[PDB]
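Student: need a structure here:
(18 chains)
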Amino acid sequence: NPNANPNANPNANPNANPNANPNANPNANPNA
Amino acid sequence: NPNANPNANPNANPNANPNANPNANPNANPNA
Amino acid sequence: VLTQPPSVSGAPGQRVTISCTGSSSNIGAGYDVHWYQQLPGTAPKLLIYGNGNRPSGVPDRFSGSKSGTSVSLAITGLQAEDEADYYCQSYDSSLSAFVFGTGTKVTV
Amino acid sequence: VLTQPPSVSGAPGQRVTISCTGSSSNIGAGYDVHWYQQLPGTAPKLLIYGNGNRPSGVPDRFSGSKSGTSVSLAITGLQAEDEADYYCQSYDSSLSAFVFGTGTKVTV
Amino acid sequence: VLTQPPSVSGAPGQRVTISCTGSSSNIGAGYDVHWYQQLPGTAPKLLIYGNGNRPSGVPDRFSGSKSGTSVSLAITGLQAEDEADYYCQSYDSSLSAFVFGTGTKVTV
Amino acid sequence: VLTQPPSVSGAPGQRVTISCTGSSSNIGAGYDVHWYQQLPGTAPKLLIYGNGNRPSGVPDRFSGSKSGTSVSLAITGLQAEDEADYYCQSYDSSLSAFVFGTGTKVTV
Amino acid sequence: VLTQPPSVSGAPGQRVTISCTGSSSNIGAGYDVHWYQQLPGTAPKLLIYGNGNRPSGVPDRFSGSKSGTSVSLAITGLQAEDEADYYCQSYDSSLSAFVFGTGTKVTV
Amino acid sequence: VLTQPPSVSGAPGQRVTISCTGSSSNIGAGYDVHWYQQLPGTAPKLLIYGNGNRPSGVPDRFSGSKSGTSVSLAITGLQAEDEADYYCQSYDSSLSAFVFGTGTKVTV
Amino acid sequence: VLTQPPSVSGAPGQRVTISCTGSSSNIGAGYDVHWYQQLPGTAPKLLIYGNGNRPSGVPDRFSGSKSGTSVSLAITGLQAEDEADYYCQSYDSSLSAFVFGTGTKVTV
Amino acid sequence: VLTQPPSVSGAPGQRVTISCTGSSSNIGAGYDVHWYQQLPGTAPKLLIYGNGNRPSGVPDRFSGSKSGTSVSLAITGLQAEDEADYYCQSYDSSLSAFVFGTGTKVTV
Amino acid sequence: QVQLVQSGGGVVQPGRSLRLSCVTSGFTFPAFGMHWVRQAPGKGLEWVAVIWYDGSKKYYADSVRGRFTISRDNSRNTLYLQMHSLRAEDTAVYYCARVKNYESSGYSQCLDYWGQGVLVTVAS
Amino acid sequence: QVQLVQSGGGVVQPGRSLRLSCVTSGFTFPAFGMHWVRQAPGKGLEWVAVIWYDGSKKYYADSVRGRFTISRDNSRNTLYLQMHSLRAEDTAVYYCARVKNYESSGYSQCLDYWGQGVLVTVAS
Amino acid sequence: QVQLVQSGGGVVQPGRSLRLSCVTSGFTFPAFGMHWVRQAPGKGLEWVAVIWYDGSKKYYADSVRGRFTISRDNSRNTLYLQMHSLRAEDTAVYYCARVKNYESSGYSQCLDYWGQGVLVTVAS
Amino acid sequence: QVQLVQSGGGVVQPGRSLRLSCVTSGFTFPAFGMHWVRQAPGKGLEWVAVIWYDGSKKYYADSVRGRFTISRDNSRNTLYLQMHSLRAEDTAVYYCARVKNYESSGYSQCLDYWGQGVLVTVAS
Amino acid sequence: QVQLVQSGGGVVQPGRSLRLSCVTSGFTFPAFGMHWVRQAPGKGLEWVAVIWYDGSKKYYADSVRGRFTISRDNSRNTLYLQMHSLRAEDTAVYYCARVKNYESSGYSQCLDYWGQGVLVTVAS
Amino acid sequence: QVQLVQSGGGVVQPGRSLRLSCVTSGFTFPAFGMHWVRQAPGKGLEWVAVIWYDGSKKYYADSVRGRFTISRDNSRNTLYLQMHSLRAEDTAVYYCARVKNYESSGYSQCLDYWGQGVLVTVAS
Amino acid sequence: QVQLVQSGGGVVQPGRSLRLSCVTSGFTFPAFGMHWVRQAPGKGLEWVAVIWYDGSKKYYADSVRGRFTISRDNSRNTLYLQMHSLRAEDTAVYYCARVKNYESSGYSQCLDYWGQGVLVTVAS
Amino acid sequence: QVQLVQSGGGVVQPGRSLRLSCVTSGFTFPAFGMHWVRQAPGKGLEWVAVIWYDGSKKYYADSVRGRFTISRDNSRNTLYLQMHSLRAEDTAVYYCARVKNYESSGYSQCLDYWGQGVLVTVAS
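Tutor: Numbers count the residues shown, from 1 in each chain, chains lettered A, B, ... in the order given. The relevant structure is shown in the block below.
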């Protein structure tokens, strides 16, 4: 839809976090 | 085209040729 | 698609209100309306955005409020410098396109 | 990985309890333990889920509770229809894989 | 789509010819025909490819030739080992699909 | 775009403040103002980030606070090593570009 | 890059020749040289192409030939309608770019 | 990047404390500090994770605590089996890399 | 798939030949046969490529020729350094894989 | 990879020859040999390309010839301006890389 | 400081094409999506097209879809509206507008800075 | 109303591949995640594989990883488990189970409805 | 040396699915495109599908397009024909065939090595 | 029958961009390659750019490379030359020319039909 | 321990290009987005460019856009700034900056570690 | 039950490459992220690399960036560290570690299960 | 000058994996496709794998396909052969070969320079 | 008219990077392939790299592979040679060369126009 924000916001965090959780969760809900 | 050849020919020349014409021809026929 | 009065007027110093009535997919869907001030020539400039948020450089005499399926832009003071055409703007979910109002002329 | 008694027994009409002992990552981590009832042949059906919540169709003689790192399955009545193998099931965070118990046979 | 005689026969030692007539898009487009020998059970094996090219292991008594819009597979000798169903095969430009013949039974 | 006084000064031991006045898209939009210190040569070093959070290594005498659409840098003590060029920085949503201050010189 | 006389002249009714001298990579490389006729205003039109092949519409008074590294444009009749600038054109392999001559004015 | 005493000691039966001092981006930023125990050879094993949470298999004698920009590991009892190398670990947001301590040798 | 005699031999100074018989998809398809020489240890070295073309460094005494569906390697002189294992190689279109010979030993 | 004499010489006015010997994959495979002239400083310039084709700007005294697995560059006249370094160049199909000669110094 | 200038007006015979450009200065152009707004002489404004900041997503009005295209050349701050098959309906003053950066629950795009206004007259 | 029917059992020589299938009816198949559970003859149940509702994320047991492959054909209400390099230990009754929709603080996937049970035997 | 073995026959109720496989040995399988050929009981051969060597391009017969699919798992020499919605027309012996490598002006694909033949009976 | 009509001339201040266009009729436009030729006032012709029939390959003169851009809109019989960073030397009459179909041993592209000629002036 | 060292400055004639590089050490460079900041001799700082950690998203100041290009060669800790069409306005000391990792409600990027400073002079 | 088993160490001349591998068992490997930790002889531990569960995001310590390359082959429970351009400083015992699954307000990755330790010696 | 040196052999228990590498020097390695050739102890040579110069097209012998994987790390002259599921049949000396550049009517690839020979023993 | 002008040499400590550039004029640069040739002081010439006209295919000499990186920026007539990990052996005069356009039965590339020559010294 045309109402989506089309701008870029060049202020978001440009860095990355190696400290994020690197594991996956097989126990998460697999249903929709 | 169901009649195209669906085979690989493994003994096709597997080498590159550095001594091939690296230039381009602006004078080639631009029409068809 | 948005409906506005054809024109409004008022003696200088008095308050005038300009209405803008939309449909369920233009206002009832919750989309803010923006208001632009069009002078002769002089491409329109933003006046009020997001249902009353006043951008910097615009005098406080302009205000707006949303109620039901209609929005209004209240002007106070109403001097000679406010003679212009005021247009609405929003987004239509049904047409999937932005809609402008028919615009009203303020004549003091 | 979850440890259960090889079998339990009791005269019909009385109460029996089946235990399921887990580690700090299976039940001590706060993961619910579900119980399945397995008749001969007859692929197992959900009996209780989430530490004792009964699905529809299960008689009220079945109940469960959680205490520390082990749980229990309390069966009242202990009828001939309860002759089956009961299996636990829960998620092990250290292995990150679903874990089934060794299973207990109810002989009445 | 390719037409063949329903069956052919001949005394052992004599020559027998099996015809295969196609359309303009099956033969007149220049697509080679291949011939397969089908015994009872015994999934068919290639006999002649590319309008007469004989693959190794097939006796020289089999041959073929193309003329106009029809192709034929001539057999000489015609012993007992040659009793089988012989099928054509080619490519149809119009249907954009490979077409097989109705197959003929050799009975000697 | 962010405006600073051309210079401030004070006798050693006395407290001085440096102001940084921005628009409604610089500081009135809620964007943090960072402060840098520039000695002769000596590429600028971060002094105060996020409207007063003081990084490791910067002495306690440096502090900052935000008020309305302007920020400030309060320097107490004002020793000889505090003679430098102090620059603001933040984000301008209308320009959509990071904006540095004009820069001030502390002379002592 | 291709060199031509600044101008040529002659009484009406007589013959004139325009030369076009090139290097070993323009005409000595075997590349055809085309000639264009440019009246005042009147964007130039193809006159002869490929070392003297006349396109349709060009009178037979125009002809050309190739000799070594230079060519020529022979004009017979030399009428008042031939008052124009004539330009060569050929491809230079060393530059790999199409080359136009300096052009000659025919004044009759 | 995390500083630890070169060695600590104590008679068997008594309590010792191993410290781990980090900066404002190591432990002052709120990043948990983990502890590993290294016997000779014998690749290190987790001893305490997340500032005092003791994993299964580690005896109760090991406990940890966090205070300011440093943590500590209290060992009580101090048996002969506790002779090893103890290393911290955490995350340095300014380096954006995991940092280990220098390691201490408990000698009993 | 390519077949070679298990061994050939001859008195020094005498000419010996090594044969390589292939099928209709090995050599009868027109694929060149390359010949290698294997000493004890000493990974094989190319001896003759493309049905007799002798690379640089291989002495004149080695030659080859193709006949029908088989190739040969004629060695004249047959000195002591010619004791080795000689392998064919080519391409099999039906197998669609490069096929080496069984290998022969020259004893002298 | 292409071998050249360390230096050649001759009294002014007389003819000298510079050779370039390559293997069966350098010049025996049919790859043209080019020649470059290197004055002190003065980055090299093409002198002869493609086994004797002399580019524009090189005087007639320089000519080359190919014979077997080596080429040569005949210089006649041998003026003082010919004191330079002469390098070959070609393509080695076994290396699959362009190879330059060792270079000779003509000293007059 | 923010400026949007336009060029490319004039008189175009019906059925011919015309290309309108909008050269901007004073702001980070690649970070903003842009609009074209058409104002018929004496009539109200009406929306024409929108282009995302990078230009991947382009949405047009119903009355110009398939005839008009909107494009941006991001490296020199210029926005284009290529008008093909100009009918007598598409005669108006064309404005170049910029999407303002603001946040709300019912976000609907608003055009804070407008171009000067270029007149396109499709006649005869 | 809910139903899970299985097929594809039999005797498979070691090293050969085999595919099990599980056709479902009575519920919106694309909206549920599914498990495979293997029961050795006379032993307890054990887990084999799980697949998300769309099939994006799949997780296998240790002893079957790299040999077994779980997949779903979402447009015709069926579930597959492709077994490769069948060893002698992979002989058991394979059950097809459906993940039940429930919410709790300590959520762990439970299998409310199970397939009929298909026997796979690896011998000789 | 070249062998093509098949498995997956039997009796399938109409409307059910069935998957046929063709395990090959003795040749460089990834270098050959493969065919499936169906032979109705007592009737002639008829073509079903062709798959390119890598598997990008798959072409089917008119009578099975959209119901049958052909696929190859290239790393263990196995060719698949997944048959969905089996009608009473698709009852026959299915053959697995290989495209022979040969060159001609009017090249039309030929099948030199054929599988053993697996019977699919759609009844009741 | 053949026709090449041009537009887009005028006076452009140095450093500003300008686009020339060349609308063609009377021949199959997608099937021909095209040139741009520039003639300084009182000087000889010189070459600017060439574009292939489909637009895949484009080659520019040295003095206009990186500033000029030639493109074709193949679906509506038109040709463009986009000029950027117009310097003071890029003042001339620009001609749109068509590459003639002919065959010869020493083939070099010739321009049989030329556009009308558009004047571009760079000043002040 | 965190070090940013710069090189590549000097005197450049107007219209020529110049490349500045900033080699880092002591931290996880692929995890940080960097800036370039320019300070004209005797003036205050002004922003030039920003690059995301992976290098996908780059944003330039208006005054240098279309001429400059920022990039990073991530596998050897190097940040570049390629400047083309160097005018006389682009004479200044260019600083290489690193975006500090911090979280706040009003996050606006801050540059905690700066390079040494490299002087680019565009003269004659 | 959880096991990490390593191999691939030895004596390497400086400038040569070496690969360390770590084969895991007892747990769902594709669901865990793994580290590499290096311990120079007689010194404390230090970090080398980290890899996410899918293998998308890999981060190296500064002293090993550009030479060391971490990867996981997820379908057979293996983890690799490809070391190129081995200097004399990269001599140590290399450990294979597993990131423990836990949640906290100040989450920082901890390695609960470690490999056996493998010695890499760069000498002569 | 052309040298191929190999490493990475040894004794491997059946079911374990092993990687062979072949580091080259003296020629333009990215321009040559290479082979692996295996010789069982006391038997003749047999083919294993082939890889194109860029590495796009690879072809394996039947007896090793699905277990082995050939590749090349082109920027440092290294050719690899990763062998998984090592059976006792795969015990032999493995040679690294180079395809010679020659042209003929009946071209069939020939291996002109061979590696030293590395022994892989699959035992116990 | 054809000119090749170089820059970017100097003294580099071993292990550091350096970039050589070659700005061309007078000819259609995107239509020519270019070489780099290195001459150690007092020795003969030797080859370094080649790049095609579009820049697709790049081939390096053995002694520079993996460290040197050749590229061309085709829109402004420039050619680069990015040198990393500079050893003491890579000290020489670096020439920028152009492949001459000619045809012959034994075609091998020849360099007709050469750059000015730039000295790179790797010392201390």
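Student: OK, contacts around residue C:54?
Tutor: C:48, C:60, C:62, C:63 (CB atoms under 8 Å, 6 or more residues apart in numbering or on different chains). (Each C-beta comes from the backbone N, C-alpha and C, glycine too.)
Student: For the residue lying farthest from the centre of chain K, which residues are in contact?
Tutor: Most distant from the centre of chain K: residue K:105, at 26.5 Å, with distances by CA atoms, centre = their mean. Remark: with contacts taken as CB under 8 Å, 6+ apart, residue K:105 is in contact with residue C:30.
Student: Please give the element, helix or strand, for it.
Tutor: Under DSSP states H and E, no helix or strand contains residue K:105.
Student: so what's residue K:19 bridging to?
Tutor: residue K:82 (DSSP bridges).
Student: What backbone torsions are found at the residue in chain A positioned nearest to chain H?
Tutor: Residue nearest to chain H within chain A (CB to the nearest CB): residue A:19, separated by 4.6 Å. Backbone geometry at residue A:19, expressed as degrees, to the nearest 10, gives phi -80, psi 0.
Student: just residue K:31 next, same as before
Tutor: Residue K:31 adopts backbone torsions of phi -100, psi 10, taken as degrees, to the nearest 10.
Student: ok and the residue in chain K nearest chain Q?
Tutor: residue K:56 (29.9 Å).
Student: helix/strand/coil for that residue?
Tutor: Using DSSP: H, G, I helix; E, B strand; the rest coil, the structure places residue K:56 in coil.
Student: ok, now how distant is it from residue K:74?
Tutor: 12 Å (CB to CB, to the nearest Å).
Student: cool, residue C:105 as well?
Tutor: Counting by CB to CB - residue C:105 and residue K:74 are separated by 39 Å.
Student: just residue C:50 next, same as before
Tutor: Distance from residue C:50 to residue K:74, by CB to CB: 28 Å.
Student: rewinding a little: looking at the contacts of residue C:54, which one is closest to chain F?
Tutor: Lowest distance from chain F to the contacts of residue C:54 (CB to the nearest CB) belongs to residue C:60, with 13.6 Å.
Student: who's in contact with that closest one?
Tutor: With CB under 8 Å, 6+ apart, residue C:60 has these contacts: residue C:54.
Student: tell me which parts of chain K are close to chain F?
Tutor: Residues of chain K lying near chain F by CB under 8 Å from any CB of the partner chain: K:1, K:2, K:26, K:27, K:28, K:31, K:32, K:100, K:101, K:112.
Student: need those residues in JSON lines with distance to residue E:85 and secondary structure, can you?
Tutor: What follows is the residues of chain K next to chain F, written out as JSON lines (distance: CB to CB, whole Å; DSSP: H, G, I helix; E, B strand; the rest coil):
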{"residue": "K:1", "distance to residue E:85": "88", "secondary structure": "coil"}
{"residue": "K:2", "distance to residue E:85": "84", "secondary structure": "coil"}
{"residue": "K:26", "distance to residue E:85": "84", "secondary structure": "coil"}
{"residue": "K:27", "distance to residue E:85": "81", "secondary structure": "coil"}
{"residue": "K:28", "distance to residue E:85": "77", "secondary structure": "coil"}
{"residue": "K:31", "distance to residue E:85": "74", "secondary structure": "helix"}
{"residue": "K:32", "distance to residue E:85": "75", "secondary structure": "coil"}
{"residue": "K:100", "distance to residue E:85": "80", "secondary structure": "coil"}
{"residue": "K:101", "distance to residue E:85": "78", "secondary structure": "coil"}
{"residue": "K:112", "distance to residue E:85": "82", "secondary structure": "strand"}
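Student: Need the buried ones from the residues you listed selected in PyMOL.
Tutor: A single PyMOL command selects the buried members of the residues of chain K next to chain F (16 or more other CB atoms under 10 Å in any protein chain shown):
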select buried, chain K and resi 26+27+28+31+32+100+101+112
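Student: Find the nearest non-adjacent residue to the residue of chain A closest to chain H, please.
Tutor: Once flanking residues are discounted, residue A:19 sits nearest to residue H:91: 4.6 Å by CB to CB, 6 or more residues apart in numbering or on different chains.
Student: SS state for the one you found?
Tutor: Under three-state DSSP, the three-state class of residue H:91 is strand.
Student: Look up how far chain J lies from it.
Tutor: From residue H:91 across to chain J, the span is 49 Å (CB to the nearest CB, to the nearest Å).
Student: Ok, residue C:37 next?
Tutor: 68 Å.
Student: The host helix or strand of that residue packs against which elements?
Tutor: Element membership for residue C:37 (DSSP H and E) is strand C:35-38. If you count contacts as 3 or more CB pairs under 8 Å, 6 or more residues apart in numbering or on different chains; DSSP states H and E, strand C:35-38 packs onto strand C:45-48, strand C:85-87.
Student: Perfect, I'm done here.
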